[PDB]
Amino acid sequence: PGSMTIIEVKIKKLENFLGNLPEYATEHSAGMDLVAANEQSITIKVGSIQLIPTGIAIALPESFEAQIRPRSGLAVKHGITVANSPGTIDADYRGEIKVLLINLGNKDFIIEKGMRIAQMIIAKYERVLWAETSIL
């Protein structure tokens, strides 16, 4: 394990947060595991959508975005996925990160605090300047 290129990102624990900040499973992971921080159990009925808090807020540096993506095993095993995927967190969004889950499986599913519910991948984006034309 040698040198590594990182981007430093400010993050705040809110009152409902427990445990560690979002972690990369390994040194080779593209995404950090987001963890449910709802104080009381949340049931997602078949077909229903529920917003799940994470208890963290971040301030991304300019030109970097955080993508909220589905955790694959949850979709494969329970049909649980991220209803607004991929979620876009940019430097403007400094409120609590919340994961919008939908139950597209065949059984009701309970979200409990501590459950891994989504992945967060940080990447660069570009800024477009439009050049309007009548011929493409």
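Residue positions are given as counts along the sequence shown, with the first one as 1.
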Review point. Where do the C-alpha atoms have the higher mean temperature factor in this entry, in 124 to 132 or in 17 to 25?
Key: 17 to 25
Check your understanding: Going by the B-factors listed in the PDB entry, is the mean over the C-alpha atoms higher for 110 to 118 or for 8 to 16?
Key -> 8 to 16
Exercise for review: Name the residue from 40, 81, 67, 50 with the greatest C-alpha temperature factor listed in the entry.
Suggested key: 40
Review point. Going by what the PDB entry lists, where does residue 55 fall on CA B-factor within its chain: lowest, middle or highest third?
Key: highest
Review point. In terms of the chain's CA B-factor thirds, is residue 62 lowest, middle or highest?
Key: highest
Practice item. Could you tell me which third, lowest, middle or highest, the C-alpha B-factor of residue 91 occupies within its chain? Key: middle
Revision key, fill the gap. Chain-relative C-alpha B factor for residue 46 (record values, thirds): the highest
